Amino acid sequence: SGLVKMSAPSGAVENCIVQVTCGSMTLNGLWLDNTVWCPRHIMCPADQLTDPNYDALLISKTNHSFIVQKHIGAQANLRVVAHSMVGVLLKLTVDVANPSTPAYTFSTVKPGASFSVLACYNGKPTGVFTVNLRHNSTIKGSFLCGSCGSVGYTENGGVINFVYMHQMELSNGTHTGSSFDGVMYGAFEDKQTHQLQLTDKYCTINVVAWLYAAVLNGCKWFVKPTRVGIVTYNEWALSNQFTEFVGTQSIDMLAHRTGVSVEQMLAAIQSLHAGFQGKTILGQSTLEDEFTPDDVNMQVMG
């Protein structure tokens, strides 16, 4: 028992982290097979990040403009033999295939999904933590200068799913990056200019999962016979900055295990959003929306 924010073991990803340098800019990259992926702003001098012309910056480069170093494990300088730009990423081709390339996929996560982040600096992994893609397609992580190129991933059945490459900090504690097709989460542009973030929302399905976790951890004071139907709840959610509830098998597994219906949990959300009134749930006095149904299922007795 217990419920904690849990990340996927990072070793398979650590074996793929490299450092990339272009002029005076250095950041992290991901080395899979003969490819190294990194943010394209490595091409932009630090004092020109306000409105770069990446097409023009790309034309001025050659393969010799990029230096790649494997810093951890068996150290090696990897020779760049080709380069191209894919959205907000550079795709470098190196002469050596990573001998520790894991089985992997590239996926783009949807708002409400969780993933692990391996924070890196100068091609050295320094920390692991878990985030959720917010309703406005940002993440609430912990990143400092030099973290660009840090990798977000999940793991299942021995396969690493690479979902994020860190690109920038939008505002305090708010970050974004790209999927490995080079598309930025939230369509933010990789430039220093002020960019508006859309309004965020509480992820209903995740709050429901968390309330089921609370019941399975002996906290059930908030469960009442009271029900709110999904259609009615969804009309309320549209006015109270909550997401629409759409049923899933993972939630149905928790409803069946606990004997508490989804409609009872939706009624609990409405009551708890008005206030907890001097009470706590799993030590919290506010709703938690960053655990997914699958994340909760992983931490409950089978």
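The first residue of the shown sequence is 1; numbering continues from there.
Mean temperature factor over C-alpha atoms, higher-scoring stretch between 247 to 255 and 273 to 281: Averaged over C-alpha atoms, the B-factors run higher in 273 to 281.
Is the mean CA B factor in the deposited entry higher across 60 to 68 or across 33 to 41? Higher mean C-alpha B-factor in the PDB entry: 60 to 68.
Could you say which of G73, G141, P99, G146 has its CA atom at the highest B factor, as listed in the PDB entry? Among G73, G141, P99, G146, the highest C-alpha B-factor in the entry belongs to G73.
Among the candidates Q197, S178, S114, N206, give the one with the maximum CA B-factor reported in the record. So the option with the highest C-alpha B-factor is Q197.
CA B-factor ranking of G186, expressed as a third of its chain: Within its chain, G186 is a middle-third residue by C-alpha B-factor, going by the deposited values.
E155, C-alpha B-factor rank within chain (lowest, middle or highest third): Bottom third by C-alpha B-factor.
Sorting by Cα B-factor within the chain, modelled residues only, which third would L92 end up in: lowest, middle or highest? For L92, whose C-alpha B-factor we compare with every modelled residue in the chain, the answer is the middle third.
Would the CA B-factor of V163 place it in the lowest, middle or highest third of its chain? As the PDB entry reports it, the C-alpha B-factor of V163 lands in the lowest third of its chain.
Using the B-factor values recorded in the entry, state whether the Cα atom of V296 falls in the lowest, middle or highest third among the modelled residues of its chain. Answer is lowest: the recorded C-alpha B-factor places it there.
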